[PDB]
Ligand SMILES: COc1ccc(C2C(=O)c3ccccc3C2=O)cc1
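Only one chain is given next, in structure tokens, and it is the form deposited without the named molecule.
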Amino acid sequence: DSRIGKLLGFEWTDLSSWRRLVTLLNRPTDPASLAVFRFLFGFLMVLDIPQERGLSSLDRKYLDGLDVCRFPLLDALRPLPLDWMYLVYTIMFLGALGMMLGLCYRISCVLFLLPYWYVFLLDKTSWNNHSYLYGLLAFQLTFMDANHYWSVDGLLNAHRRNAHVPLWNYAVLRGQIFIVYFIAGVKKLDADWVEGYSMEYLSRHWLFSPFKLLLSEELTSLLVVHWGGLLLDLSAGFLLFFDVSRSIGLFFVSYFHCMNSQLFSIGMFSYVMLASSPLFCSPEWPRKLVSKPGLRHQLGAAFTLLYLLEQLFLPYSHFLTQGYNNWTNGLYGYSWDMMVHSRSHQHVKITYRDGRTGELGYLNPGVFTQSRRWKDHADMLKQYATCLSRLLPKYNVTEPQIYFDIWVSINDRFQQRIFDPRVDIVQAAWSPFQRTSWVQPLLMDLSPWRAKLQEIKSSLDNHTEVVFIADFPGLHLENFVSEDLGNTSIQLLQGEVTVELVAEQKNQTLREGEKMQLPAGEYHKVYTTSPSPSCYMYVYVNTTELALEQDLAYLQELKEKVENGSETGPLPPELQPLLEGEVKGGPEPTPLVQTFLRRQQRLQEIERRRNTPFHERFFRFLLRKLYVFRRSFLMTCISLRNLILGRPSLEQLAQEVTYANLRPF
């Protein structure tokens, strides 16, 4: 009858000794809510396997004979051939179905848990928070007795029909959801989130249209998007537990998750969170809608305590695995720092030096790769360097030395290098438990400049563009202005730089405020010769585009003058295809005429797309999803037939591949 026992659901004396805690954590509870959550989670994973895991795109990711660079957690892990990958995905789908229907629950949970984690550890480029959450939820549900209510196993077995379950089954799930909310909130207590920098352009969406009736756009993007998210994370963590504030918390959580589902393309994360939201109610809620401790008892309590402690500790374990540390902390996926950092890459240069002749060449930036996350982590860069060092001898290259030059800015900062451009990554030193010595520090002292830069971004004309650069002492940048980019100028904002033109071998030392007009079509170099980092800017315009747009505007004005009745004189022969619109029985048109016709056709297509009713869009969406599912099923069937009954002749294989790729219609 104590107030604490009514609020928290347990008395203080239950925590006095270990035996009483074990007795508390193994009290009977109704299994209906866990059953509903199991059904929803299984349905969502069944829908998610052919869409985000990559069952439809599996035939163009692990294609045999293709030389690709993988990024696994451990170098020992290697992908199997395509057919065995399809078998693994079939096993995962069967496990998801078994979890949804509650048929042989433990075997289905294992068959979903093991292949899922194998796929997750096979590639570090596809890690995100909502996949780590799926893995953790499957791991938790493997041990829980979720099949005692509303399941096939209950119909086929009397002993597991409407039986009691321990309380720690609910405690673990509630703790996991609360940890997700609270850690997301406390990770969003960053200087780039409380000030409105991260996700600043999200207030222009139409879903925030009512908020604009009472607030300005900047106040909408600061009060609602940024502070509201943090407050909602913490309040959703705390309010759902207590009985007084559960309804308001449910309403706010549902609204937030619907808006997140519509705004972003995260996938099934919002629906899984919505399905897990009703877990905080009484364990018998679905029923009213229709109408001495042993060994396992102690093992359950120990598992609950240790798992919750590990889930609390892991997001802050970045001081032990210092190899993966960077400008941000750790590999992405298990820190719950969602939508906190934005990156815009400017230029990536990969240089190689042959070890026998000494020739110097340049590779393509993203060759032999399928993702673009290797530009931000030292481990993935080292793996890519080793992959290139073992693949390049196939292209008449001896033992190479590979240098990287990558420019990246976080949350609208100066563009600076991330890795040292003078270090051979093939022979570099990297260990998971020691800090990398070839990662440039972030110029955090240049934080306030993000205000002043924006002013310059407002001072520009309709065609000028600007790029801001911050460079370290000793290093230099070599650049080649293209022939089209006429009227390119360089201005120094802070520090001391020297600009060298290599055509006449002439260098000038620039001070603060000085401006130079660089040549177009030649090579130039910027050296930093100051004890402190130097910040400068490139201001450039595209002359060819400007001239082409002016000529096209003149041509459109002439066409309009012809259309309105003016220009009584005979039309030029080049103007005839403008009126006719088809080049038949005549000379080939000039590239200007082709460009104008292409622009007109593109504008007409854009207008037609804009004038499209909603039901047609819904029908097209459903047709596209049906095509994805059908292609997945057909490719899986072809692979299983190849595995079981052998592989047919090439003509039949080509016919089946053509049939599997056919549009539904």
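Here the rigid core means the biggest group of C-alpha atoms that line up within 1.5 Å when the two forms are laid on top of each other. Shifts are known only where both forms have a C-alpha. Start at 1 with the first residue shown and count on from there.
Below: the form deposited with the named molecule bound, not depicted.
Asks: Quick check for you: of 550 to 558, 413 to 421, 183 to 191, 400 to 408, which stretch puts a non-hydrogen atom within 4.5 Å of the named molecule in the bound PDB entry?
Replies: Only one stretch qualifies here: 183 to 191.
Asks: Here the chain is shown alone; which of 341, 297, 257, 524 has a heavy atom within 4.5 Å of the named molecule in the bound PDB entry?
Replies: Going through each option in turn, the one that passes is 257.
Asks: So which of 84, 362, 201, 264 gets a non-hydrogen atom within 4.5 Å of the named molecule in the bound PDB entry?
Replies: Only one listed residue qualifies here, and that residue is 264.
Asks: Can you check whether residue 165 is within 4.5 Å of the named molecule in the bound PDB entry, heavy atom basis?
Replies: No - in the bound PDB entry, heavy atoms of residue 165 and the named molecule never come within 4.5 Å of each other.
Asks: I'd like to know if residue 233 sits close to the named molecule in the bound PDB entry, meaning any non-hydrogen atom pair within 4.5 angstroms.
Replies: So residue 233 counts as contacting the named molecule.
Asks: Flag residue 273 as yes or no: does it have a non-hydrogen atom within 4.5 angstroms of any non-hydrogen atom of the named molecule in the bound PDB entry?
Replies: Answer yes; at least one heavy atom of residue 273 falls within 4.5 Å of the named molecule in the bound PDB entry.
Asks: If you check in the bound PDB entry, is residue 149 within 4.5 Å of the named molecule, heavy atoms only?
Replies: No, residue 149 sits far enough from the named molecule in the bound PDB entry that none of its heavy atoms falls within 4.5 Å.
Asks: Superpose on the core and compare between the shown form and the other one; which one of 61, 27, 598, 620 crosses the 2 Å Cα shift mark?
Replies: Among the listed residues, the outlier is 598.
Asks: Fitted on the core, where are the consecutive stretches (at least 3 residues) whose C-alpha atoms all shift 2 Å or more between the shown form and the other one?
Replies: 591 to 613 is the lone stretch that moves between the shown form and the other one.
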